[PDB]
Every structure is written in C-alpha cells, then in structure tokens.
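Next up: just one chain, as structure tokens, the form deposited in one PDB entry.
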C-alpha cells in the first residue's frame, strides 16, 4: 500500500493499480471503496471515481506523480457515490467519461453527475463495441441486475484481473453489503455471469474487499442464493 493524502494505492500487476478512498458515512464507519487505474501504452484509463470530487482530483494527482501520462477516459460502474461521486473532477480535468446508459439515466435522481457517454449492451451482456471506443484492454460486461440494476463489470485484457465492482464481495464476507437498490431475485445469476464472462481471471478486484481469488465469485453467488 502507498498512502497518498487520504487515499491508498496498490500495484496489482505491471500496468494496473487499485485506488482506494474512504467516506465516513454516519452509522457505518469509514467505508473503503476501490477502483482501478490501468496504463495502456502512452495513456491511462480509470475505472470508477472516488467517493468525492476532491478525492478524485487526488487520484489524478497520484497518476500525474507516479505515471505521468494523460488519462484518456474513465468508465464508472453504476450510479452510486462510491463509483460516480467524483464525475465533476474528471470533467474538470478534461477526461472523457463513460457509464452504462442506465447509470446515466439514474444519475440525477441518485445525486450523481452523469457521464458524457453511454454504454449499451448486447443481449448476452458484452458492451456494444461502438459505444466503448478506444477502451484498449478494458473489456466491459453487463452481468445482469444484482447489487443494482445498472451494475457493470470490467476485465483487463493482458492480465489475470477482472473487476466486479460492488457486485462481488470476497470469499470471507459475511454479507452482500448495501442491498438498498439490489435485485434479490437475479443477484446470484448475475454474480455467476460475471465469473463466466471472465473465465481466466484469477484475481478478482471489487469495491469493498481487497483483491481475492475466484472464491469471491462463488461465495458471493452462494450468499446471493439465500436472497431468493
């Protein structure tokens, strides 16, 4: 771990880092949320904002210090604050932003600023390529409704890493976290669909646990079986 102001950064693979930010949300403690930073040749790609604009600007500061290449785009994985709370900071920095069309639709009512561009998805869940131009190694997949109706996931080609966002919790988790906007009927199938989309990913990264093996997926799905 690298502490940088109030955030934490951890290298996961040669061109991949996890960003972590915290929100002291009254009645729950200081909640960590993780996203990703990927160097693709001469540019940087970001998955998820931090909770706030200020924290997200700090992610960009860390990138400037440690990588020193332009951030070409960011993709955010649903319309909750931990994933989209820093959209304004990305826009102020001139970064092109992407989210599930449904996330952009939901953003205002969730108190979020929408991304600039909307991703749409084929019936099988893979992103429609025209809507994710220049995504390089980021392979975006909609696994079905789970943690939220709009949750999306991202594999990183050239690595063993797939990012489940808030859909997936680690193999030791006692709960599925914030289910306030969850789809209880479809959660288990959506967790399993994420696993099936990225079958060779041995490192599973997620919002509210440290990186884990694929047991994160099986355990999450087995816990989600109890929601039905």
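Numbering follows the first chain given and starts at 1.
Another form exists, deposited with a small molecule bound; not displayed. Remarks below refer to it.
Q: Indicate whether the candidate residues 110, 166 and 176 are all in contact with the small molecule in the deposited bound form, with contact defined as any heavy atom within 4.5 Å.
A: Contact check passed for all of 110, 166 and 176.
Q: Does any heavy atom of residue 25 come within 4.5 Å of a heavy atom of the small molecule in the deposited bound form?
A: Answer yes; at least one heavy atom of residue 25 falls within 4.5 Å of the small molecule in the deposited bound form.
Q: Any of the heavy atoms of residue 51 lying within 4.5 Å of the small molecule in the deposited bound form?
A: The answer is yes: residue 51 has a heavy atom within 4.5 Å of the small molecule.
Q: I'd like to check something about residue 208: if you look in the deposited bound form, is any of its heavy atoms closer than or equal to 4.5 Å to a heavy atom of the small molecule?
A: Residue 208: contacts the small molecule in the deposited bound form.
Q: Taking the shortest heavy atom distance, is residue 82 within 4.5 Å of the small molecule in the deposited bound form?
A: Contact with the small molecule, yes.
Q: For the chain shown here without its partner, which stretch in 194-202, 35-43, 62-70, 176-184 has non-hydrogen atoms within 4.5 angstroms of the small molecule in the deposited bound form?
A: Only one stretch passes the 4.5 Å heavy-atom test: 176-184.
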